[PDB]
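Peer 1: Got a structure for you, questions after.
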Protein chains: 2
Amino acid sequence: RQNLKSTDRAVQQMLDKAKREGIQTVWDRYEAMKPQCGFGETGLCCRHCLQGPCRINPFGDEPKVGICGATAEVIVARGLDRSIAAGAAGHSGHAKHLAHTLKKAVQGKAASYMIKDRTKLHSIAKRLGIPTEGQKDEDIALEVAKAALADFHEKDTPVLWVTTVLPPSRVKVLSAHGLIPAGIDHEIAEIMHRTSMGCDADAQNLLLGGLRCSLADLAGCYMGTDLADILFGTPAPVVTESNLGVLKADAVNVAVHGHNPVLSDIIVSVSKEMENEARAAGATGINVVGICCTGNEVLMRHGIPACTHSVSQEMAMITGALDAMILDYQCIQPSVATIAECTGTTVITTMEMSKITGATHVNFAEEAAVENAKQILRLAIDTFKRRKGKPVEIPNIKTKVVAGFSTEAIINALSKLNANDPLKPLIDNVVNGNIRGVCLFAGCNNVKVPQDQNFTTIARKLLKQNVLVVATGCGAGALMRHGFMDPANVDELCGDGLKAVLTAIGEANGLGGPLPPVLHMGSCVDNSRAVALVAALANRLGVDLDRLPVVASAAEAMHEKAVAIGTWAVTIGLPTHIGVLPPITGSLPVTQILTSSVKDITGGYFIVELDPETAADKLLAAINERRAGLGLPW
Amino acid sequence: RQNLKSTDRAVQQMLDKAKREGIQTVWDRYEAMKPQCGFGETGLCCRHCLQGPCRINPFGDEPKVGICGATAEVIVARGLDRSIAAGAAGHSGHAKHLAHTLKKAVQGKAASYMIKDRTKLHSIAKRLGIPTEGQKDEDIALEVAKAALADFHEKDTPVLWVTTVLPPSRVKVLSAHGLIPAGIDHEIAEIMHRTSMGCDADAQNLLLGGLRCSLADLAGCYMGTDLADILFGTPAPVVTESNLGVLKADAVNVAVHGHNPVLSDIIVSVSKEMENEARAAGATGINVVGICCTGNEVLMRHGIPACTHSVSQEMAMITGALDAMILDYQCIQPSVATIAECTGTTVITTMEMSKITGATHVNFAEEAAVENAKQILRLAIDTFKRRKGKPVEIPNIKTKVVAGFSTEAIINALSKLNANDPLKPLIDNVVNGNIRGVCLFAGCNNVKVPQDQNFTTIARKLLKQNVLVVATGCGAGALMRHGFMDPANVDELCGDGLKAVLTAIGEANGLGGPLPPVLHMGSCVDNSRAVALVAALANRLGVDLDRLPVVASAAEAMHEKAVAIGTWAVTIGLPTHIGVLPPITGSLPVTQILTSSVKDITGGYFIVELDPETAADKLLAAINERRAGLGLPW
Ligand code: SF4
Ligand code: SF4
Ligand code: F3S
Ligand code: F3S
Ligand code: FES
Ligand code: FES
Ligand SMILES: [Fe+3]
Ligand SMILES: [Fe+3]
Ligand code: NI
Ligand code: NI
């Protein structure tokens with residue numbers, strides 16, 4: 001009964017193949033882990049010194065307190081803070097990589113890279129206060145890259161990728177509570193210090209530190225999107241496909257998996273050059289497909305089809321047709337390196353700090369990107385040749401996907417209804433009830449939740465209640481694989497008011513039809529695009545973000561990055577649903593801060609709800625409360 | 001049977017008082033924690049994503065692998081790496097605080113602070129390559145503080161507080177393996193990234209990252225010592241006392257506890273001004289005493305007596321005579337805030353990122369240090385008044401302590417035997433066998449080990465075998481409280497060869513007697529002083545550190561900081577004993593790297609040995625192997 005594992009039919013088909021072939025999957029490893037430790041599940045475990053491990057019984061008798069005296073409050077808050085810091089370390093490390101790549105490009109040290117989006121470069125410079133008049137583009141970009149790198153450490157200004165991206169009124173609220181980050185890596189290190197043994201031991205103080213570190217994560221996300229748009233182009237609407245049926249038995253199938261477009265973007269361009277080399281090997285060409293966020297990056301910019309996402313990533317290999325899986329970092333199940341010996345896939349790592357035992361490592365250097373890409377793709381071609389005559393089982397299952405909804409693209413689409421006040425048509429339809437509010441779906445799948453079940457269940461209820469739904473990361477992946485990015489499904493999925501708006505915008509954009517039911521705003525760093533849209537709406541309305549009828553849902557969250565994103569969503573003022581249990585329930589005081597008293601600090605708050613129908617009701621109630629606070633009908 | 005808890009008689013006496021008074025201690029909380037989790041003890045637990053908690057059975061059947069596919073190797077190495085990063089975050093955060101204090105002082109923004117050690121300032125500038133000729137001291141110091149802050153982030157040079165403090169041959173070895181840190185907070189963040197889910201998953205690669213992050217920790221330690229010496233004076237030999245008998249019933253007893261001399265040094269100076277204000281309240285004066293590293297800082301510089309250390313810190317409060325405990329950060333059991341309601345002690349926090357629920361917080365700002373110190377001390381005076389007429393139980397137990405052996409002071413002492421080649425008398429006596437080798441004792445006590453039993457057992461065996469013993473942190477605390485810093489105990493404790501050398505040096509220093517059996521080199525950051533001494537010996541000999549008969553022992557380690565120090569001791573080339581089990585035994589491959597194959601990378605290696613007699617034998621064997629490698633008798 002594979003429907004309990006994934007709601008995606010293509011994944012179900014590959015689970016049947018993996019089972020008959022004896023290939024262990026993430027779901028099998030989860031089953032073998034049950035029952036999981038109740039101390040860890042509730043957050044009541046600490047290993048922060050060698051007197052541990054310490055634990056606290058959720059209920060009953062001793063142990064009641066850690067060996068050093070750490071209470072349940074402290075232990076829970078310290079663990080949570082470390083998870084936020086780890087997420088911030090990932091999103092911002094990605095951004096740092098892109099900042100160094102941009103610097104190299106404009107210094108003449110990496111000619112495979114360039115300023116592709118001159119408009120984005122100039123806007124970012126203007127947002128940061130960097131002068132552009134009479135300056136060469138390469139000098140403007142050098143100053144932007146320098147500013148990006150400076151935000152990682154203390155200096156005479158706070159993190160500009162926070163203070164220049166949120167409205168002044170929100171910055172003032174955050175500053176009053178000491179929550180503006182001083183430097184991205186500075187805050188990460190301060191979290192690791194304050195949570196080490198014998199340091200911070202006050203739950204409120206620890207959690208305020210966590211909120212501030214979550215804003216360091218936001219800055220890394222926003223910096224990542226800004227720099228990737230400069231280097232690779234700001235997305236605009238594009239049509240493609242998703243799910244395993246995008247693999248082609250007669251092509252060299254190459255998955256790009258991981259996170260950074262510095263790698264996946266070059267793979268895409270070089271693969272086109274090597275088409276004739278692929279044909280010589282008996283393929284039709286090189287079919288690049290996406291997994292996880294780096295797949296989202298090349299889908300959003302180039303229309304590269306998405307193969308799969310998150311928890312089901314091993315299933316692409318089980319088809320037998322995946323000739324290469326090209327990795328950089330984050331969210332890659334290390335099982336891929338062993339499964340590859342059963343499936344024939346060549347798994348290739350490329351980043352010095354992210355290797356997997358048993359995978360081939362091909363160092364990638366931006367200074368040699370094209371040559372390193374050809375080396376990698378030639379391994380894929382050789383692998384295609386090795387499977388000559390082997391049957392493959394690619395599920396013949398795919399959906400149509402309209403994506404590429406950057407904030408610039410959303411504003412442009414709306415400008416066709418109101419050229420000089422593009423946000424007004426959206427606001428008009430929020431006021432008249434055709435749009436009840438906005439919900440951002442973000443984050444991962446998680447093996448504890450039947451894959452995609454929370455995303456689709458919640459999305460369907462919100463869409464029927466006229467909520468404008470936007471999505472990023474593997475939430476966008478879930479929704480695309482279930483048809484939520486195909487405009488042909490607007491009639492079935494959308495309430496009448498929402499359908500009217502999607503249709504009006506689409507017809508003004510010449511489509512003869514509507515925008516898709518859900519707007520794909522990109523990768524996990526591109527949650528920063530949703531911030532840009534929400535901040536622009538707040539600024540246009542003259543209100544702070546905690547008065548807007550906008551919510552977020554990390555409906556199947558997994559990674560430390562998703563915890564960090566959820567936390568900065570709360571910190572900027574949003575009601576934020578999480579559909580899995582974070583390790584907080586072992587402390588009622590911590591849970592009460594994160595779900596209730598934080599409202600009095602930032603206006604946002606977590607909504608912890610594992611039942612998706614109930615979560616949808618709670619998200620609708622949060623939206624409707626905001627509408628009432630603005631004096632609107634609901 | 002309190003001897004199973006601590007070998008310190010004063011601690012035993014206070015344990016009896018705490019038991020009859022019903023005051024729960026760290027030992028009681030440990031007992032309540034037993035049996036501790038075997039997954040955590042062995043390192044085979046992972047909570048790095050919300051699919052967890054994951055665990056791996058050390059032996060037997062499933063679970064055998066984490067849900068994402070993470071092996072035991074990966075899980076163990078990732079946990080270890082996070083501990084190193086957390087330690088680095090603490091030592092280097094301390095150093096960053098001091099760098100900002102020095103900058104403020106010389107900019108005229110904090111007149112309670114100043115350049116006290118002009119000689120140290122100029123030497124550091126010369127070591128770093130900063131010009132001094134024709135420059136004002138305040139400008140030289142501004143450049144030193146700027147250089148310190150720059151080492152936290154990437155720049156055009158690597159971390160100078162690594163590359164300028166180790167010999168070029170060692171830097172070359174480390175560079176060849178990619179182990180030189182690029183920036184202190186940069187490496188901390190990169191560890192948190194690479195150890196997050198779906199990133200680095202190769203044990204060797206992860207551990208190389210850990211070694212590099214341990215060098216970021218070394219840089220933070222060395223920077224902390226350098227800056228504290230500039231601001232507060234480089235230590236020189238001083239005579240004082242240790243143990244609870246240094247408390248005085250008729251004085252206002254104030255403990256400084258935590259880490260940074262930016263706080264404890266001002267408390268010491270202001271307390272002297274407030275003597276008459278204390279007498280008005282009926283005290284004889286203010287008796288400042290030390291706990292943990294900040295106590296070591298003021299002991300080394302000012303001869304402030306040490307009250308207690310590490311695991312036994314609560315016992316100072318149990319006397320009933322501790323009027324205030326002034327805290328900044330690190331290694332403070334948060335139980336102190338609750339015990340204070342039973343003992344009457346005023347526990348005061350002072351740093352924004354290190355608060356304890358139930359303790360009074362008095363913000364300390366360097367710009368207002370004197371006024372903030374008087375506010376704090378007036379709380380202590382009021383507390384002294386409240387205990388008028390209450391009996392106290394101060395154990396009448398103390399030892400004499402000769403300390404203050406900075407590397408400068410050791411070189412000066414040796415220069416009395418050879419003025420222009422001060423290291424030669426030490427080397428001469430290593431060659432002739434009067435000194436078998438050198439052992440650094442470092443790190444914490446740990447409730448799992450009867451307090452001080454490993455430090456004293458190992459030290460006694462090494463001293464009888466003519467090993468020169470140096471000590472820092474709570475290893476120095478253990479040895480001082482058991483008489484190892486009293487020169488009257490040289491005859492009892494030291495082998496004939498070592499006694500001869502300690503006597504020759506002491507008599508050349510006008511003492512009419514020997515140096516003490518163990519040389520106190522200061523706080524935990526002052527492990528960097530041992531590096532300076534060992535690097536100077538290596539440079540004088542023309543060999544790398546991994547050929548010297550020098551070892552280290554973290555005989556009762558606890559904190560993540562101690563893991564980081566142990567790891568950089570291995571990385572710079574030392575055989576390094578740890579006397580508690582770090583969470584590594586669940587992976588034989590990881591254990592084999594850390595105890596064996598790392599020898600081929602750095603020349604150092606861990607010696608994991610919980611039995612102290614056996615650990616002493618293993619340390620002696622390591623020393624003697626080094627002697628043989630140099631062609632010396634042993
Ligand atoms: S920090 Fe405290 S609670 Fe955590 S392992 Fe150490 S003694 Fe236990
Ligand atoms: S990172 Fe892997 S091993 Fe760790 S909790 Fe997540 S699924 Fe389990
Ligand atoms: S790329 Fe990773 S952070 Fe979550 S959204 Fe997808 S599993
Ligand atoms: S101050 Fe702390 S790091 Fe260990 S050496 Fe003492 S318990
Ligand atoms: S006791 Fe299971 S997570 Fe630590
Ligand atoms: S299962 Fe006990 S430390 Fe996690
Ligand atoms: Fe992602
Ligand atoms: Fe210390
Ligand atoms: Ni994500
Ligand atoms: Ni220490």
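Residues in the structure tokens are numbered from 1 in each chain, the chains being A, B, ... in the order shown, and ligands are numbered from 1 in the order shown.
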Hey, could you make a per-residue contact list for chain B against ligand 2 with 8 Å as the cut-off, showing the nearest pair of atoms and its distance in Å to one decimal, counting only C-alpha atoms and all ligand atoms, sorted by chain and number, as CSV?
Peer 2:
residue,atom,partner,partner_atom_place_in_ligand_line,distance
B:45,CA,ligand 2,3 (S),7.6
B:46,CA,ligand 2,4 (Fe),4.3
B:47,CA,ligand 2,5 (S),4.2
B:48,CA,ligand 2,4 (Fe),4.5
B:49,CA,ligand 2,6 (Fe),3.9
B:50,CA,ligand 2,6 (Fe),6.1
B:51,CA,ligand 2,7 (S),5.0
B:52,CA,ligand 2,5 (S),3.6
B:53,CA,ligand 2,5 (S),5.0
B:54,CA,ligand 2,8 (Fe),4.4
B:55,CA,ligand 2,3 (S),7.4
B:65,CA,ligand 2,3 (S),7.4
B:66,CA,ligand 2,3 (S),3.9
B:67,CA,ligand 2,7 (S),4.2
B:68,CA,ligand 2,7 (S),4.2
B:69,CA,ligand 2,2 (Fe),6.4
B:70,CA,ligand 2,3 (S),5.1
B:71,CA,ligand 2,3 (S),7.8
B:75,CA,ligand 2,3 (S),6.7
B:196,CA,ligand 2,1 (S),6.7
B:197,CA,ligand 2,1 (S),4.3
B:198,CA,ligand 2,1 (S),6.8
Peer 1: Export N, CA and C atoms of the chosen residues as a tab-separated table (two decimals), in the first residue's frame?
Peer 2:
chain	number	residue	atom	x	y	z
B	45	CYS	N	23.44	9.16	17.25
B	45	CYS	CA	22.14	9.82	17.23
B	45	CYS	C	22.28	11.07	16.40
B	46	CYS	N	21.26	11.37	15.60
B	46	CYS	CA	21.25	12.57	14.78
B	46	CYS	C	19.89	13.23	14.87
B	47	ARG	N	19.88	14.55	15.08
B	47	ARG	CA	18.67	15.38	15.10
B	47	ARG	C	18.84	16.55	14.14
B	48	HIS	N	19.59	16.34	13.06
B	48	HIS	CA	19.85	17.45	12.15
B	48	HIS	C	18.72	17.73	11.16
B	49	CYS	N	17.60	17.02	11.22
B	49	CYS	CA	16.43	17.43	10.46
B	49	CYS	C	15.18	16.88	11.14
B	50	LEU	N	14.03	17.34	10.65
B	50	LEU	CA	12.77	17.00	11.27
B	50	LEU	C	12.22	15.64	10.85
B	51	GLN	N	12.99	14.85	10.09
B	51	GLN	CA	12.68	13.46	9.94
B	51	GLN	C	13.18	12.66	11.13
B	52	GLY	N	14.15	13.20	11.86
B	52	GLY	CA	14.62	12.54	13.05
B	52	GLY	C	13.68	12.63	14.21
B	53	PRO	N	14.15	12.17	15.36
B	53	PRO	CA	15.52	11.73	15.65
B	53	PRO	C	15.82	10.39	15.06
B	54	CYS	N	17.04	10.31	14.55
B	54	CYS	CA	17.58	9.06	14.04
B	54	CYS	C	18.63	8.53	14.99
B	55	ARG	N	18.77	7.22	15.01
B	55	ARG	CA	19.77	6.55	15.83
B	55	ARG	C	20.22	5.32	15.07
B	65	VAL	N	21.20	2.69	9.83
B	65	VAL	CA	21.52	3.82	8.97
B	65	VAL	C	20.45	4.87	9.23
B	66	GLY	N	20.81	6.14	9.11
B	66	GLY	CA	19.84	7.20	9.29
B	66	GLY	C	18.81	7.20	8.17
B	67	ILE	N	17.71	7.91	8.40
B	67	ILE	CA	16.59	7.89	7.45
B	67	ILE	C	17.01	8.41	6.07
B	68	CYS	N	17.86	9.44	6.02
B	68	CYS	CA	18.32	10.01	4.75
B	68	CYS	C	19.42	9.18	4.10
B	69	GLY	N	19.89	8.12	4.79
B	69	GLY	CA	21.03	7.34	4.35
B	69	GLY	C	22.32	7.65	5.07
B	70	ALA	N	22.32	8.57	6.04
B	70	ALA	CA	23.55	8.91	6.76
B	70	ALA	C	24.05	7.68	7.52
B	71	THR	N	25.32	7.35	7.29
B	71	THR	CA	25.95	6.22	7.96
B	71	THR	C	26.40	6.61	9.35
B	75	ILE	N	27.26	10.36	10.73
B	75	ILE	CA	26.57	10.92	11.89
B	75	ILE	C	27.57	11.27	12.99
B	196	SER	N	24.78	20.06	8.00
B	196	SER	CA	23.33	20.05	7.87
B	196	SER	C	22.90	18.94	6.91
B	197	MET	N	21.61	18.66	6.90
B	197	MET	CA	21.15	17.49	6.19
B	197	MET	C	21.47	17.59	4.70
B	198	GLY	N	21.92	16.46	4.14
B	198	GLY	CA	22.10	16.37	2.70
B	198	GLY	C	23.27	17.13	2.14
Peer 1: If the cut-off is 7 Å, can you tell me the residues of chain B near chain A, counting only C-alpha atoms? I'd like them as an MDAnalysis selection string.
Peer 2: chainID B and resid 26 29:30 32:33 36:37 40:41 48:51 53:54 62:63 66:70 86 89:90 153 185:186 188:190 192:194 196:202 329:335 353:357 446:448 558:560 582
Peer 1: Which residues are close to region 493-503 of chain A, i.e. within 7 Å by only C-alpha atoms, leaving aside same-chain residues fewer than 3 positions away? Reply as JSON, numbers by chain.
Peer 2: {"A": [434, 435, 460, 463, 464, 465, 466, 467, 468, 489, 490, 506, 507, 513, 514, 515, 517]}
Peer 1: Taking the DSSP assignment computed from this structure's backbone, write out as a PDB file with N, CA and C atoms, in the first residue's frame all residues of region 421-537 of chain B that belong to strand (DSSP E).
Peer 2:
ATOM      1  N   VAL B 438      57.389  17.394  28.026  1.00  0.00           N
ATOM      2  CA  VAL B 438      56.462  18.403  28.529  1.00  0.00           C
ATOM      3  C   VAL B 438      55.051  17.860  28.360  1.00  0.00           C
ATOM      4  N   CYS B 439      54.216  18.028  29.389  1.00  0.00           N
ATOM      5  CA  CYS B 439      52.788  17.701  29.309  1.00  0.00           C
ATOM      6  C   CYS B 439      51.961  18.904  29.739  1.00  0.00           C
ATOM      7  N   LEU B 440      51.038  19.310  28.859  1.00  0.00           N
ATOM      8  CA  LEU B 440      50.034  20.328  29.141  1.00  0.00           C
ATOM      9  C   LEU B 440      48.752  19.662  29.625  1.00  0.00           C
ATOM     10  N   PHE B 441      48.336  19.957  30.852  1.00  0.00           N
ATOM     11  CA  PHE B 441      47.002  19.588  31.314  1.00  0.00           C
ATOM     12  C   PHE B 441      46.061  20.745  31.031  1.00  0.00           C
ATOM     13  N   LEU B 468      58.194  17.852  32.686  1.00  0.00           N
ATOM     14  CA  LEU B 468      57.803  19.216  32.992  1.00  0.00           C
ATOM     15  C   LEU B 468      56.301  19.353  32.716  1.00  0.00           C
ATOM     16  N   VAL B 469      55.523  19.728  33.728  1.00  0.00           N
ATOM     17  CA  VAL B 469      54.075  19.791  33.620  1.00  0.00           C
ATOM     18  C   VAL B 469      53.648  21.247  33.665  1.00  0.00           C
ATOM     19  N   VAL B 470      52.831  21.634  32.678  1.00  0.00           N
ATOM     20  CA  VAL B 470      52.220  22.956  32.610  1.00  0.00           C
ATOM     21  C   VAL B 470      50.722  22.730  32.570  1.00  0.00           C
ATOM     22  N   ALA B 471      49.964  23.754  32.955  1.00  0.00           N
ATOM     23  CA  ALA B 471      48.531  23.548  33.080  1.00  0.00           C
ATOM     24  C   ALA B 471      47.772  24.835  32.862  1.00  0.00           C
ATOM     25  N   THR B 472      46.548  24.692  32.367  1.00  0.00           N
ATOM     26  CA  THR B 472      45.662  25.826  32.161  1.00  0.00           C
ATOM     27  C   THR B 472      44.246  25.465  32.596  1.00  0.00           C
ATOM     28  N   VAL B 518      54.257  22.369  39.069  1.00  0.00           N
ATOM     29  CA  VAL B 518      53.484  22.558  37.847  1.00  0.00           C
ATOM     30  C   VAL B 518      53.455  24.047  37.564  1.00  0.00           C
ATOM     31  N   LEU B 519      53.639  24.413  36.300  1.00  0.00           N
ATOM     32  CA  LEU B 519      53.610  25.809  35.881  1.00  0.00           C
ATOM     33  C   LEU B 519      52.223  26.183  35.357  1.00  0.00           C
ATOM     34  N   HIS B 520      51.586  27.132  36.024  1.00  0.00           N
ATOM     35  CA  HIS B 520      50.258  27.602  35.645  1.00  0.00           C
ATOM     36  C   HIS B 520      50.385  28.629  34.533  1.00  0.00           C
ATOM     37  N   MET B 521      49.941  28.251  33.334  1.00  0.00           N
ATOM     38  CA  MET B 521      50.018  29.111  32.162  1.00  0.00           C
ATOM     39  C   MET B 521      48.726  29.859  31.867  1.00  0.00           C
ATOM     40  N   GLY B 522      47.692  29.690  32.689  1.00  0.00           N
ATOM     41  CA  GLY B 522      46.575  30.618  32.691  1.00  0.00           C
ATOM     42  C   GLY B 522      45.231  29.970  32.377  1.00  0.00           C
TER      43      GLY B 522
END
Peer 1: Residues of chain A that have any atom at most 6 Å from an atom of ligand 7: could you tabulate them with the shortest-distance atom pair and the distance in Å to one decimal, using only C-alpha atoms and all ligand atoms, ordered by chain and increasing number, as CSV?
Peer 2:
residue,atom,partner,partner_atom_place_in_ligand_line,distance
A:292,CA,ligand 7,1 (Fe),5.9
A:293,CA,ligand 7,1 (Fe),4.3
A:473,CA,ligand 7,1 (Fe),5.7
A:524,CA,ligand 7,1 (Fe),4.9
Peer 1: Limited to C-alpha atoms, could you put the picked residues into a file as a PDB file, in the first residue's frame?
Peer 2:
ATOM      1  CA  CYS A 292      15.153  19.969  -5.572  1.00  0.00           C
ATOM      2  CA  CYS A 293      16.149  23.666  -5.510  1.00  0.00           C
ATOM      3  CA  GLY A 473      10.995  24.998  -3.167  1.00  0.00           C
ATOM      4  CA  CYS A 524      13.916  28.118  -1.243  1.00  0.00           C
TER       5      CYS A 524
END
Peer 1: Residues at most 10 Å from residue 244 (chain B), counting only C-alpha atoms, excluding those fewer than 3 positions away in the same chain, as number ranges by chain?
Peer 2: B: 9-11, 14, 241, 247-248, 289, 305-308, 315-317, 319, 393-399, 481
Peer 1: Find the distance between CA of residue 274 (chain A) and CA of residue 367 (chain A) and write it in Å to one decimal.
Peer 2: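 CA of residue 367 (chain A) lies 19.8 Å from CA of residue 274 (chain A).
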Peer 1: With distances taken over only C-alpha atoms, which residue among A:523, A:225, A:242, A:420 lies nearest residue 484 (chain A)?
Peer 2: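 Nearest candidate to residue 484 (chain A) out of A:523, A:225, A:242, A:420: A:242.
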Peer 1: Could you pull out the helix (DSSP H, G or I) residues of region 251-401 of chain B, going by DSSP on the backbone, and write them as a VMD selection string?
Peer 2: chain B and resid 261 to 273 275 to 280 292 to 302 310 to 312 314 to 318 336 to 343 366 to 386
